[PDB]
């Protein structure tokens, strides 16, 4: 019954727990209270790559956000479930060709942040049609002073992926995808500041839970 968890880092953050499960590429920094993905600075981006590919039963991932923006936030964040570890690129810090699922929170060029899901089958999805594309809009993601929580739920038997986001104590619907397959994957986190020089992306915690 006891499971070897190679994804989670919980509060308080213990640096060796993060390092033993994730590669770091870009200005990632483990602080006492959070993992910095990007510091302030236009165009900066980072990828945090799970070292160990996982074969999970029905699961729920909870990514608690700590995003700082002096004014309007630029760029966005991605959570990635991919066949291989992320490479760097222009798609919220990662490469535009990949096999798997990207879950994106985008602040650049919109009034209210958008959440998107982009399933890719190994093609250049900036030039060609993605295999699946879904989106929603949720207000106050970074304005929640306690830290919004991005919720990623997958039921293996139902082949159902559900994205929710908890903002200001309220669990908000966002995306449901039926008949979507998730093979064994590496878990990645990435972010770009885009056009903003006063935006900083940081993560308070990541919990993996087996769904009953």
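Positions refer to the first chain, counted from 1.
Quick one: higher average CA temperature factor, 73-81 or 126-134? Looking at the recorded C-alpha B-factors, 126-134 comes out higher on average.
Could you check the entry and say whether 99-107 or 82-90 has the higher mean CA B-factor? Result: 82-90.
Report the option among 151, 44, 145, 169 whose CA atom has the maximum B-factor in the deposited record. Highest CA B-factor of the listed options: 145.
Check the PDB entry and point out which of 176, 62, 157, 38 has the largest C-alpha temperature factor. By C-alpha B-factor in the record, 157 ranks first.
So where's residue 31 on the chain's Cα temperature factor ranking, which third? It belongs to the middle third of the chain when residues are ordered by C-alpha B-factor.
Against its chain's modelled residues, does residue 190's Cα B factor rank lowest, middle or highest third? Answer is lowest: the recorded C-alpha B-factor places it there.
If you rank every modelled residue in this chain by C-alpha B factor, which third holds residue 50: lowest, middle or highest? It belongs to the lowest third of the chain when residues are ordered by C-alpha B-factor.
Quick one: classify residue 67 as lowest, middle or highest third of the chain based on its Cα B-factor. Its C-alpha B-factor belongs to the highest third of this chain's values.
Looking at the C-alpha B-factor of residue 182, is it in the lowest, middle or highest third of its chain? For residue 182, whose C-alpha B-factor we compare with every modelled residue in the chain, the answer is the middle third.
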